[PDB]
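Asks: 3D, please:
(8 chains, ligands or ions: 1)
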Amino acid sequence: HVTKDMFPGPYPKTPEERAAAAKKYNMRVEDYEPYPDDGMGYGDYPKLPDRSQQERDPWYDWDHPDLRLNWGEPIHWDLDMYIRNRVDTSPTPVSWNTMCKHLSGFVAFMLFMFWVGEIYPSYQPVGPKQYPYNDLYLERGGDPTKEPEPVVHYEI
Amino acid sequence: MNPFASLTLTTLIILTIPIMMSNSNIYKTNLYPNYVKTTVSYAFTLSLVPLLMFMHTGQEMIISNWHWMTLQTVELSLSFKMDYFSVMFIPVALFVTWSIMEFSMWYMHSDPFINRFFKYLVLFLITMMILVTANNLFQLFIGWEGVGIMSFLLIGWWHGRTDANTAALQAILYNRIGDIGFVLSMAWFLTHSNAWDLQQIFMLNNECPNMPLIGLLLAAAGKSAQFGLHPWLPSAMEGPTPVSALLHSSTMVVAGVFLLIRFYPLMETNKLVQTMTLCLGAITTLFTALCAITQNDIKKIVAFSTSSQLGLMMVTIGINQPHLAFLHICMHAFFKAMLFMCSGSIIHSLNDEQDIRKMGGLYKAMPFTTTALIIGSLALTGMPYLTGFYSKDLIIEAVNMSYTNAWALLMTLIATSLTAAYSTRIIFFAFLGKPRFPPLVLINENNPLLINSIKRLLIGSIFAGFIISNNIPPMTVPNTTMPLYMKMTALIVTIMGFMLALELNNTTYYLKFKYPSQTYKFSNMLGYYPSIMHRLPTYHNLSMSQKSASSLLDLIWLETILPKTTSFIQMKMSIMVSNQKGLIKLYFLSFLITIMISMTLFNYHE
Amino acid sequence: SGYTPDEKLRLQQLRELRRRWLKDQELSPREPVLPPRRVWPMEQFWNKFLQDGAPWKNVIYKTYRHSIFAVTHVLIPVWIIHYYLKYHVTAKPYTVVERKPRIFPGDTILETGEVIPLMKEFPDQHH
Amino acid sequence: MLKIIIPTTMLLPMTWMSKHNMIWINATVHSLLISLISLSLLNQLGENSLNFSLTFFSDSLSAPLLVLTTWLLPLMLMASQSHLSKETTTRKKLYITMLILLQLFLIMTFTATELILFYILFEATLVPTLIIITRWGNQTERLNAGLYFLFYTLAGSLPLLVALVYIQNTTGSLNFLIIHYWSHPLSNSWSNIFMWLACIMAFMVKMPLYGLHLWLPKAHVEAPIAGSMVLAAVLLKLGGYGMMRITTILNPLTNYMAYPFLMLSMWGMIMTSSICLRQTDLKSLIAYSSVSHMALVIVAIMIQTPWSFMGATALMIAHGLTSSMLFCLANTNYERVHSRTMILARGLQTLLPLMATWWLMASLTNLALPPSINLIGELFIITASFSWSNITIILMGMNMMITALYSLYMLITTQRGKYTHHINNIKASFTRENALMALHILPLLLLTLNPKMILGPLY
Amino acid sequence: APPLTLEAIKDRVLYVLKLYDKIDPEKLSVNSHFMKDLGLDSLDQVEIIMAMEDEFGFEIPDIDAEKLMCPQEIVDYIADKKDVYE
Amino acid sequence: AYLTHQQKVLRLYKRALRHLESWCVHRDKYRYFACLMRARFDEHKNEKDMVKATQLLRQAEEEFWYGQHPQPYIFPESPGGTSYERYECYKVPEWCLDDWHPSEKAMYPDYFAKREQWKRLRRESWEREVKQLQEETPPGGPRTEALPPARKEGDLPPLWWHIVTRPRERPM
Amino acid sequence: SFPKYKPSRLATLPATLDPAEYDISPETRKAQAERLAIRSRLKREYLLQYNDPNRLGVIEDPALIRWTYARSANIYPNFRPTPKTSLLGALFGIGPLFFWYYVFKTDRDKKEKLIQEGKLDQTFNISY
Amino acid sequence: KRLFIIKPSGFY
Ligand SMILES: CCCCCCCCCCCCCCCCCC(=O)O[C@@H](COC(=O)CCCCCCCCCCCCCCC)COP(=O)(O)OC[C@H](O)CO
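Replies: Numbers count the residues shown, from 1 in each chain, chains lettered A, B, ... in the order given. Below is the structure:
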């Protein structure tokens, strides 16, 4: 089947080798774009826009319908973030910045008001829950030898 | 030696028989589902006698048995602790799942693996059967983890549905994030208390359980779909309806709330954690409810209703009301199971369509289904002396006259009104009005399986509220003398919420156009949580693993630090020491240096 | 606009072959054929019993199928569990522990035949 | 121990003397018989090792490990007659000879009483594994892997050699018994630190420890299936076994000279499990999973805590059984499709119904689902580590979260989903593959009932 | 549910087509290429297929919809998409 | 290959009404607002200038984006629908049947024999269909993904086996 | 007019809102015309192998094989050590390791200090 | 009406 030379190689330096890589990746020189080699070692593998398989038109018939790839088409270097079940880059109906602003605002507002609720708690105009037997020192876990301190409840 | 111990223990083993017989395959694969239901029916019937024994005398007992190992000073053994929470839950779960099993015959009728489906439901049932009854923390972990994995297959029951696997993976992820707190509580109790049996933890009086209870809270939030870890429940709606009505209604998700009830005696000792439960219970109760009323899918609507109800459970356990929280478990089990099962009736009968904006006018089309929903909806929302009355407004009344978080009290009231809000949405859009489904009608519910199963749960939603509330011994101090105008707020806010929601729902009936409100965008998009928190952290963590980790760290640097550097050095020193020119002159001259310097500055004479 | 002449001819034969292919996916009356299975004495007994099919034949049919379910799924399992709980596991200390029998002031107890005293004079209030 | 070594050695002529096609049968049945005799040693006396002679001894630490190796021996034999059948009689005969020479060294290693006798056979396992990886390995990179495997473990083992001989001349004897009874406190002198480094580094390389772990993704990916499991299932545990045994003289220098390894391991598990969250190759995915689980044992051992040790051995054997199994899962799918890529073969539950199960509870066991002894191992280490430090849970707890995401991920991608359209050579799975899977699952879950036979001497 | 076949499909297809007000009842023929016979603008076929969709409750792709232009064509497309073999 | 201006605006029409379903819900509201959508779509027919048409649809797409329903009503037997690929874990491909066992094979003799008939037909039609494909193949590789139909008699259209013998959408 | 839909790397810009597809230049006339040409070439071959009766094995995908090779060994032969990679390696390498050492050593030092002066409750803590 | 169902051979 495939021979060794078709395996990905080094950075396409000259435009001529850019064309060879584009042919090797089953694309054209117009759409071919090597990754920016900051030393990360991406090689000549053509970078593609961040498009999850959810982005691909479902109504089109694919060779791999589950993941929406056709045979031989050069799949993304980052396929496994962008598979149907993994991270999806589908366009939300509202902007991401607005998406984030309302999320952080509601959470912060909820947390902030929760604190101020604790600062001024709610209770009925009622007092202590009077408890017999010197506040039940014995059955609360107290030690019988250490006699309980004077505690008593009165009546009016 | 009382009989009570014997029969109540058989309630577990007789439930496991269909699993053992399944691997035999001697059973006719056509008659298996009927075999499963009858076993659970007998399991429920046998589960009665412990209950009346508990009401009569009120004895709670522990069945310790075969010793797994004598772990030095630890004695981890299979032990079934039982108390009021156990003996009350067992008939309720069995009653619901038996009714679900009967319904599952009707709904899941064309699935070739229907026998496998009934196998999974039994496996889940026994898994939660041992979750509620767990004398040691390890057995609690057995159910706490088995129930999550059992959900994984069941939610992804349709298997090839790509999104179903996503929800199945999502359910495991949030559950195991919650499980982090569980193992944290496990280590703390074993180290600082030298046991995992509930008896020793209670007795040793870990009165400062700040770290465990936070871990216990984090464990509870994962399984109960609380705020921050909620969206797995709405997303786990992609499985078959009987899957929804059993686990994701009140018999799996409730486990999170049930966890703290089992550890309530330690909960009251601490105070910071209770306030945190008040905080988490309130936000889950509203935020999910707020995201509910704007949805157009019954499975999503009823699911968000559970999480709002689950949020309500965390509020009552917060302010020292554990038993009444467990009462809320039983009542919520009754009517919430019917709602999904009733929604299962309409979904399948009207050719597996779930969008609420398309059904229309089901009141007189399906009388019993419409009848079941309104009784279920009223019970969930109020209607004194019905099932919801003996639990909900008592909790609302109890949380009213208590030293709670003032803000958290405000959330409970609003969400209580919001409880009626989506309830109207379901009744108004689905059953009331003019129909909208495809022209060919297939509306039918005359199958006895659907009618009998609904009726069995229906009579529960009418009377089971009064029964156990009058039967169980009083386990809490009552609240008798409060002003009249917060004793009624539970009815007031629901009736008030019933009003505008009806008016705002028939505002759609108004011929005029409806503007795309921004707040409507926020609520209808599940409160913005999934679109970011399922897309921002997953991308970064996945991106980190590729760019860093895999590429940069493992097979770029770690292979260049030790291996390639040594290999390069050895090769570099090899190319020089072996590239001799072959000339005799330079060889001997090299010796001459060696001979000279050897008898020289290295001082090879002293 | 509108299948092209070649394309509409393409779909025509594709439809024609698809119809015939799905036609083969039918089942003949004889199918499925299967070798016989060893019959059971109880099963053949109920087949010849249920030939009448009268209502009082069905109840005993249902009652028996409920009866043998009870014995082989409740009666036997409760037997071995009770035997385990009565002569094997309870033969070890602290294996089955229960809450103390909750007695109340006024009643009497069994193991000594003693009476816990009646609740003394109540402050006698009313509503 | 001669009741095990002698039949194993005498089995070597047994295979070579066998007929043309009877080699697989006789070798399998007698190796299984050897396994049965190995189970005769599971009974460990109260607090004493079952010392047989000066040459060989056994305790509760090597007792489960030994029977794991003997039990393994049929499994490689049961996993080899697929691709080996298309070969001459001699080469098949040679292949069986190597694994038997492999187990013989392993049996001698775990039973050795003298650290030097431990040392000799401990490196000697390289010779059969190296030739197995290189000769019958079905790939091109394997030639680099053999060099990577051989040098990496040897580069740590050679400094170990100087450490033992130094102990022999200084302390006196070097057997496992006298060292324990005559153990003396190790000082903080910088020479003692280097001896600590020498006495430890050789064992960490074979675990492996994060950073010194790149020889697994090379060896395991393109090793032969039979050689892949043993290297994954015991040879990693071989580095583990020495960790308990040799940390009897390194006290109390262990407390201070362990922080770099704990930090490398407790961070490596998150990083290595983060590797597993994305692997193009199934076998590489499994190999990195072994790194994470083994990194747990390094943390377990280095704390040097009673609870930690019992969890270490429980996880050590439990990981080996499941890691070997998952490798068999890879071999089956790779055999049908003749490739190793994840996404190439997918939706295999529909095509193969039973293998969907076999890969399922294989994933659950890999997930440490309770009560499977993977859980009873991991959970013990968490408790011991948490006692050592309260922040250990943040990392080690997060592992179980990351371990879940990738474990199901290979189950989602391969078994579940839609069947691959072009793939049509997947026949019904032979009963050999199904049986071999059961030979792994059943003893695992069977042993769950009695963890006391896996919890090691500290139990 | 009893599966649909051609006489079911064809009757339901001409059902909604007849219910359309501008379509002439006698002009209804299974072989009628819309605009060239029944004056229908290009903006109308894209909206009647929704009625065709709601009749059978399964989405008609726009790539197939633009090709779908005859009452016979709709019947043929509906049957094969819903594996109708008769 | 290229969605022309008319193709894109019709696509806009179809999606606009489908979203308006989720908004209007009730049918009486639907038939009104759809008619306004229809009427206000009819008015710009004599727009003439195609540049204006792009400008006429420029604000249209974003206006749809303004009023797009966050939860649009997507159909169950469609992508995004609830019952999407749900009935797929049972449609095992046909070729798997070749790997059956004779005891299994003898269960269904008539269908298996008819399957062999289809098997031979594919074998006989392959050479003709591959030959037909290359005899009218376009120069410089296939330009359009559409395949030629069966031209003469008897011969089956090329690349037909998987399309014709595809698993049924409701296998069960 | 409502606020527009700004795009993001995680919330992509839809095709319906992209200005580029609005103006179909004659240069873009052929630019998106060979899309089907190359796709059909890959297509026609794929069905030919897929439909081929003689085929029994799997059809090898050179793009899939290339992707596996690119995300594998063919990375270091393209790795050039630069300050970006060097700093990235240290930041995601030694960085967290030392940071984890600092937090643990600090806590452990504080942990044993309390035990040294008897300022920690371990009365019931016996299993370890 | 009954019709053939494709199923992977479970006999093995
Ligand atoms: C790939 C590189 C190695 C990987 C990491 C391996 C482990 C790291 C440390 C390796 C140490 C190897 C040498 C240790 C021999 C045994 C150590 C021992 O017994 O302890 C002695 C430690 O003493 C030493 O000096 C040991 C050597 C220290 C390190 C210097 C040499 C080793 C490093 C360089 C060679 C190895 C690296 C490869 C280089 C290509 C104690 O003796 P003493 O010094 O107290 O003797 C009495 C008196 O003081 C005089 O000696």
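Asks: C-alpha only now, for contacts and for neighbours.
Replies: Fine.
Asks: Run a quick neighbour tally on residue B:311.
Replies: For residue B:311, the count of nearby residues is 32 (other CA atoms under 10 Å in any protein chain shown).
Asks: Next, it: secondary structure please.
Replies: What DSSP: H, G, I helix; E, B strand; the rest coil gives for residue B:311 is helix.
Asks: Could you count how many residues lie near residue D:182?
Replies: The tally of other residues near residue D:182 (other CA under 10 Å) stands at 12.
Asks: Now do it against chain G, distance only.
Replies: Note on residue D:182: its distance to chain G, by CA to the nearest CA, to the nearest Å, is 25 Å.
Asks: Next: residue D:162.
Replies: 30 Å.
Asks: Which residues of chain H lie near chain C?
Replies: Contacts of chain H with chain C, taken as CA under 8 Å from any CA of the partner chain, map to H:2, H:3, H:4, H:5.
Asks: Those in strands, which ones?
Replies: The strands, defined by DSSP state E, take in nothing from those.
Asks: Which one (most neighbours) among these?
Replies: With neighbours defined as other CA under 10 Å, the most crowded of the residues of chain H next to chain C is residue H:4; it has 18 neighbours.
Asks: and the residue of chain H at minimum distance from the ligand, how many neighbours does it have?
Replies: Of all residues in chain H, residue H:12 sits closest to the ligand, at 52.5 Å by CA to the nearest ligand atom. By other CA under 10 Å, the residues close to residue H:12 number 11.
Asks: what about the top helix by length along chain G, near chain D?
Replies: When chain G is parsed with DSSP state H, its longest helix is helix G:94-116. Yes - against chain D, helix G:94-116 shows contacts by CA under 8 Å from any CA at G:96, G:97, G:98, G:100, G:101, G:104, G:107, G:108.
Asks: could you say what helices and strands that helix packs with?
Replies: helix D:259-276 (3 or more CA pairs under 8 Å, 6 or more residues apart in numbering or on different chains; DSSP states H and E).
Asks: Name the residues of the helix it packs on that come out as buried.
Replies: Across helix D:259-276, burial judged by 16 or more other CA atoms under 10 Å in any protein chain shown covers D:259, D:261-276.
Asks: Following element in sequence after it, please.
Replies: helix D:282-303 (DSSP states H and E).
Asks: Just want the angle from the next helix or strand after that following helix to helix D:282-303.
Replies: Counting by DSSP H and E, the next helix or strand C-terminal to helix D:282-303 is helix D:306-337. Helix D:306-337 runs at 170 degrees relative to helix D:282-303, counting by axes from the mean of the first three to the mean of the last three CA atoms, to 10 degrees.
Asks: Can you mark which positions in stretch F:38-47 are buried?
Replies: Applying a neighbour-count criterion of 16+ other CA under 10 Å, the buried positions in stretch F:38-47 are residue F:38.
Asks: Could you report the separation of the closest residue to chain G within chain C from the ligand?
Replies: Relative to chain G, the nearest point of chain C is residue C:14 (15.0 Å; CA to the nearest CA). Plainly put, residue C:14 is 69 Å away from the ligand if you go by CA to the nearest ligand atom, to the nearest Å.
Asks: Might you report the residue contacts of that residue?
Replies: Residue C:14 makes contact with F:157, F:160, F:163, F:164 under the criterion CA atoms under 8 Å, 6 or more residues apart in numbering or on different chains.
Asks: Just list what the helix or strand where the third one lies packs against, helices and strands only.
Replies: Secondary-structure assignment from DSSP H and E places residue F:163 in helix F:161-164. Under the contact criterion of 3+ CA pairs under 8 Å, 6+ apart, the helices and strands touching helix F:161-164 comprise helix C:5-24.
Asks: Dump the helix or strand encompassing residue B:278 to PDB, keeping only the CA atoms.
Replies: Using DSSP H and E, the element containing residue B:278 is helix B:272-292. Written as PDB, here are the backbone C-alpha positions of helix B:272-292 (Å, rounded to 0.1, in the frame of the first residue of the first chain):
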ATOM      1  CA  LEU B 272     -20.000  25.600  59.000                       C
ATOM      2  CA  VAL B 273     -20.900  22.600  56.800                       C
ATOM      3  CA  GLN B 274     -24.600  22.900  57.500                       C
ATOM      4  CA  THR B 275     -24.600  26.500  56.400                       C
ATOM      5  CA  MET B 276     -22.800  25.300  53.200                       C
ATOM      6  CA  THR B 277     -25.600  22.700  52.700                       C
ATOM      7  CA  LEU B 278     -28.100  25.600  53.100                       C
ATOM      8  CA  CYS B 279     -26.100  27.500  50.500                       C
ATOM      9  CA  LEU B 280     -25.800  24.600  48.000                       C
ATOM     10  CA  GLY B 281     -29.400  23.400  48.600                       C
ATOM     11  CA  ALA B 282     -30.800  26.800  47.800                       C
ATOM     12  CA  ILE B 283     -28.800  27.500  44.700                       C
ATOM     13  CA  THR B 284     -29.600  24.100  43.200                       C
ATOM     14  CA  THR B 285     -33.300  24.600  44.100                       C
ATOM     15  CA  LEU B 286     -33.600  27.800  42.100                       C
ATOM     16  CA  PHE B 287     -31.000  27.800  39.400                       C
ATOM     17  CA  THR B 288     -32.100  24.400  38.000                       C
ATOM     18  CA  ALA B 289     -35.700  25.400  38.400                       C
ATOM     19  CA  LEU B 290     -35.000  28.700  36.700                       C
ATOM     20  CA  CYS B 291     -33.500  26.800  33.700                       C
ATOM     21  CA  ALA B 292     -36.400  24.400  33.800                       C
END
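Asks: do that helix and chain F meet at all?
Replies: No - judged by CA under 8 Å from any CA, helix B:272-292 makes no contact with chain F; its nearest approach is 12.1 Å.
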